[PDB]
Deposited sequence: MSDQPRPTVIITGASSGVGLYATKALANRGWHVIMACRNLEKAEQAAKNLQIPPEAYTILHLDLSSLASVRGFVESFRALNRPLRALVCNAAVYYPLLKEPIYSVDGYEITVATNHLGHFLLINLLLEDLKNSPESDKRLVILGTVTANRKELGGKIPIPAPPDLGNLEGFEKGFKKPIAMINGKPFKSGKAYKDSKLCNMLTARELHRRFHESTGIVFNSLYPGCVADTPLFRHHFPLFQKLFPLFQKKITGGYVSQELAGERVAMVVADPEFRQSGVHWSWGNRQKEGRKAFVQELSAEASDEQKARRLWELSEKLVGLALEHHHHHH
């Protein structure tokens, strides 16, 4: 039986090459993708053997889509060994915000809130799984400033457009969303590593500098290889453990972000 890994944003770039790399290593990859036609065309284009993957629809910008993806994944009756949170959207040219179907600024909604709900659901699957080397890997880098999370505290609906409640800036929204991903990785480790035995880490595979194929191989190493079986660290390129920024290592802020995010995604 092929061990199962879910990869978000698997239809292109690093996620697609991570899919190829893990398939080559004998895994079965759930390509969780927002466009099924594009994803199937991309997997066939890379010559991935059909036995080694399943494409399922996931639009991280819609919380109902996240829940529907989890439903579809669970219906396959495959125990989960790993999850890679790789998808990231970026809208450099916006001067005014775009809101998701759930009412949230799209960059944070997609990169952070959608992944946050996905993680909270799939953590159940990871805990239930009899696999012994289970990992949840978040892509990220370790300017963004979440402030006191005033935008989240007040509900994050229009006209709020930034986590700190200040005026919309699209590039900063992206950086803020990536910082949220890093804070999520740290909080996952703090709260769950000892109780579950799951390895919760993050990685920056390089400026994609490095080819998409090499970056995908680096994702695969962090998911699968024994040298990377350490929880609570951020791997960067040999690989090294990268010391965290002060804001990414703020334990109080990571916990408060988690609590507010649960409220925004309907888990509170």
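Novice: Compare the deposited sequence with the modelled residues and state the ranges that are missing C-alpha positions.
Specialist: Unmodelled stretches, in sequence order: 1-4, 147-161, 228-254, 284-291, 323-330.
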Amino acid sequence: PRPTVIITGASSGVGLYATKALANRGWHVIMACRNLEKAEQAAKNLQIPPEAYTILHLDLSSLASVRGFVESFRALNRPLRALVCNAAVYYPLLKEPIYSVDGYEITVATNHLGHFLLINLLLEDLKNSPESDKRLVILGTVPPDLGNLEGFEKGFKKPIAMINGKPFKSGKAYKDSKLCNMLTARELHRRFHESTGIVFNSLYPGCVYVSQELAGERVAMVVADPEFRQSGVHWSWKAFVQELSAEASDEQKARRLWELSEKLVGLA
From here on, numbers count along this sequence of modelled residues.
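Novice: When the C-alpha temperature factors are averaged for each of 253-261 and 7-15, which stretch ends up with the higher value in the entry?
Specialist: Per the PDB record, 7-15.
Novice: Using only C-alpha atoms and the B-factors in the entry, which stretch averages higher, 117-125 or 133-141?
Specialist: Higher mean C-alpha B-factor in the PDB entry: 133-141.
Novice: Which listed residue, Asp102, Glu150, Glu187, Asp176, has the largest C-alpha temperature factor in the record?
Specialist: Each of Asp102, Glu150, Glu187, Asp176 was compared by C-alpha B-factor; the highest is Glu150.
Novice: Highest Cα B-factor in the PDB entry belongs to which of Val222, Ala39, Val29, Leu63?
Specialist: Within the set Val222, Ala39, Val29, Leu63, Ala39 shows the top C-alpha B-factor.
Novice: Against its chain's modelled residues, does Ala239's Cα B factor rank lowest, middle or highest third?
Specialist: Highest third - that is where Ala239 ends up once the chain's C-alpha B-factors are sorted.
Novice: Grab the CA temperature factor for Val84 from the record and place it in the lowest, middle or highest third of its chain.
Specialist: Bottom third by C-alpha B-factor.
Novice: Once the chain's modelled residues are ordered by C-alpha B factor and cut into thirds, is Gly197 in the lowest, middle or highest one?
Specialist: Middle third, going by the recorded CA B-factors of the chain.
Novice: Sorting the chain's modelled residues by C-alpha B-factor, tell me whether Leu76 ends up in the lowest, middle or highest third.
Specialist: Answer is highest: the recorded C-alpha B-factor places it there.
Novice: Within this chain, which third does the Cα B-factor at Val208 fall in: lowest, middle or highest?
Specialist: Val208: CA B-factor falls in the highest third of its chain.
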